[PDB]
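Numbers here simply count residues along the sequence, with the first being 1. Computed over heavy atoms, backbone and side chain alike; hydrogens, waters and symmetry mates excluded.
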Amino acid sequence: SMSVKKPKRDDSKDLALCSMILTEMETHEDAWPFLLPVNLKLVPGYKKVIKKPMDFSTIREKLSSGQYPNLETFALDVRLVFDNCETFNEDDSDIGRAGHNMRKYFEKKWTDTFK
């Protein structure tokens, strides 16, 4: 509350560390469905159904330009990529499987880097 703070967690490396995690997501072999925005002209249904499209390139641009206020807003966008993927793709599809795999990969890096 006012003049009453928990001890200050060192957040000075969060930016660099989120960048590293993102690099590792970018370079994973199953990243291909996620590297670029879904083409809303060429994919029937996407625009209407997925209210907040997100992809790794858009996360990278937001990261690089100080549009994440803290590491939680960064994780929210990464998770949004996978939540979108599950919303539109059957579990038993290459993309559906890609999304599950990438989510697992992300969540482990996240825990090991920060928790």
Side-chain angles (χ1 to χ4, degrees), residues 1-7 9-12 14-114:
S1 74
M2 194 183 331
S3 306
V4 182
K5 289 302 163 335
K6 298 195 182 55
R9 192 202 159 250
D10 183 14
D11 66 344
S12 58
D14 283 357
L15 189 57
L17 287 160
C18 289
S19 180
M20 286 174 46
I21 292 165
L22 184 59
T23 296
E24 292 166 5
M25 279 199 313
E26 292 163 336
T27 60
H28 194 301
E29 70 164 289
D30 296 342
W32 57 269
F34 312 114
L35 294 173
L36 300 178
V38 176
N39 182 335
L40 300 179
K41 303 165 192 304
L42 305 181
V43 178
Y46 212 83
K47 188 168 202 296
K48 185 60 178 277
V49 171
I50 300 295
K51 302 307 177 171
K52 286 175 71 174
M54 187 55 54
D55 66 286
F56 295 168
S57 77
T58 300
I59 297 167
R60 169 71 72 196
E61 186 56 37
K62 283 182 66 170
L63 194 58
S64 297
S65 62
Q67 294 185 63
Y68 290 117
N70 57 55
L71 85 170
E72 300 313 331
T73 54
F74 168 80
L76 285 169
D77 267 351
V78 178
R79 289 169 184 150
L80 176 64
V81 172
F82 306 126
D83 296 346
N84 292 346
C85 180
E86 279 197 52
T87 295
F88 210 80
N89 296 260
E90 276 296 341
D91 293 342
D92 183 14
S93 63
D94 299 93
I95 290 169
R97 276 189 284 280
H100 288 291
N101 283 355
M102 292 303 304
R103 179 194 302 271
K104 183 82 174 179
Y105 187 73
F106 169 66
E107 295 298 352
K108 170 89 154 61
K109 303 276 182 189
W110 190 251
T111 297
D112 296 353
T113 300
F114 295 116

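Heavy atoms of other residues, nucleotides or ligands lying less than 6.0 angstrom from NZ of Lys51 number more than 12.
Between the side chain of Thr111 and the backbone N or O of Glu107, at least one donor-acceptor pair lies under 3.5 Å. Between the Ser93 side chain and the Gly96 main chain, a donor and an acceptor come within less than 3.5 Å of each other. A donor-acceptor pair under 3.5 Å is absent between the side-chain atoms of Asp83 and the main chain of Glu86, judged by distance alone. Of the possible polar contacts, none joining the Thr58 side chain to the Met54 backbone as a donor-acceptor pair under 3.5 Å is found. Side chain of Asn84 to main chain of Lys52: a donor-acceptor pair is present (N/O by atom type, distance under 3.5 Å, no hydrogens or angles). Between the side chain of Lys47 and the backbone N or O of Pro44, no donor-acceptor pair lies under 3.5 Å.
Taking CE of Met25 as the reference point, atom CE of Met20 lies at 12.5 Å (rounded to 0.5 Å). Taking CG of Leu17 as the start and NZ of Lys109 as the end, the distance is 12.0 Å to the nearest 0.5 Å.
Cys18 is listed as a side-chain neighbour of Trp110, based on a closest heavy-atom distance under 4.5 Å. The shortest side-chain heavy-atom distance between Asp11 and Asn70 does not fall under the 4.5 Å cut-off. Between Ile59 and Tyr68, the closest side-chain pair of non-hydrogen atoms falls below 4.5 Å. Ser19 has its side chain out of reach of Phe74: every pair of non-hydrogen atoms, C-beta onward, lies at least 4.5 Å apart.
The two residues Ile95 and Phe34 make their nearest non-hydrogen contact at O-CZ, 4.2 Å. Residues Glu24 and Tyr105 come closest through the heavy atom pair O-CE2, 3.7 Å. Shown here for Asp55 and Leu35, the closest heavy-atom pair between the two residues is OD2-O, 3.3 Å.
The hydrophobic cluster containing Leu80 does not contain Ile50, counting ILVMFWY residues as joined when their side-chain heavy atoms lie under 4.5 angstrom apart, directly or transitively. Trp32 and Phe88 fall into different hydrophobic clusters, defined by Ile, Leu, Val, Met, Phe, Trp and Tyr side-chain heavy atoms under 4.5 Å apart, directly or through other members. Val38 and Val49 fall within the same hydrophobic cluster, defined by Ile, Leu, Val, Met, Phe, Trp and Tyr side-chain heavy atoms under 4.5 Å apart, directly or through other members.
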Inset, instruction - Kindly indicate, with the supporting measurements, whether the criterion side-chain contact (heavy atoms from CB on, under 4.5 Å) is fulfilled by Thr113 and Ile21. - result: CA-CA 9 Å; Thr113 300; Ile21 292 165; 3.8 Å; yes
Inset, instruction - Verify side-chain contact (heavy atoms from CB on, under 4.5 Å) between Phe56 and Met102, making sure each step is shown before the conclusion. - result: CA-CA 11 Å; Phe56 295 168; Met102 292 303 304; 4.1 Å; yes
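Ionic pairing of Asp14 and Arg9 is present here: one or more N-O contacts between side-chain nitrogen and carboxylate oxygen are shorter than 4.0 angstrom.
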